[PDB]
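These notes are about the structure you will find just below.
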Amino acid sequence: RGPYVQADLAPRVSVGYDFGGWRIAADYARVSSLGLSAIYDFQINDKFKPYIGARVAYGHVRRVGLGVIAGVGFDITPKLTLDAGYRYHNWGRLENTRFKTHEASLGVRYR
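Residues 7 to 117 in my numbering are what the sequence shown spells out, letter by letter.
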């Protein structure tokens, strides 16, 4: 695919590049909020398909955490694409669960 810009809305400004199955792009929001976003998929069809990935959130001038995303996305054309789903937020502490959150949001990719 190539380079492209991503957006998050429930806004957040993200950017990165993709190829087809694995897409990489960082997220930024307003001290400032900086994080990484990574989407992955493995399905083929006409349009509108599921998607799963992970993203980390890092806040500092502190809010350091890691979460995941998953849902469904569609796009009639390669230029612009739309996605929607839910994402969980993990604070991080131990390796046996403790505190996890979940929210619903949608994003869009544009040139």
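Beta carbons: idealized from backbone N, C-alpha and C, even for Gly.
Across which residues does DSSP place residue i in a beta bridge pair?
i, result
"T107", "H95"
"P9", "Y23"
"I58", "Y46 and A76"
"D14", "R18 and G113"
List the whole-angstrom C-beta distance separating residue i from residue j, where the pair is believed to meet the contact cut-off of C-beta under 8 Å.
i, j, result
"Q12", "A31", "5 Å"
"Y94", "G73", "5 Å"
"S111", "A35", "Wrong, their Cβ atoms sit about 12 Å apart, outside the cutoff."
"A60", "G77", "Not quite, the Cβ-Cβ distance comes to about 13 Å (not below 8 Å), so this is no contact."
"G41", "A63", "4 Å"
Could you check where the beta strand (DSSP E) with residue i kicks off and where it finishes?
i, result
"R29", "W28 to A35"
"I45", "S38 to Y46"
Assign residue i to buried or exposed, taking buried as 16 or more other Cβ atoms, counted over all protein chains shown, within 10 Å of its Cβ.
i, result
"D33", "buried"
"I75", "buried"
"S38", "exposed"
"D52", "exposed"
"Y23", "exposed"
"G26", "exposed"
"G79", "buried"
"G8", "exposed"
"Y92", "exposed"
"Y116", "exposed"
(request) Quick one: which unbroken beta strand (DSSP E) runs of 3-plus residues sit fully inside the stretch 64-101? Chain order, please. (result) Along the stretch 64-101, the beta strand (DSSP E) occurs as fully enclosed runs of 3 or more residues at 69-80 and 87-96, listed in sequence order.
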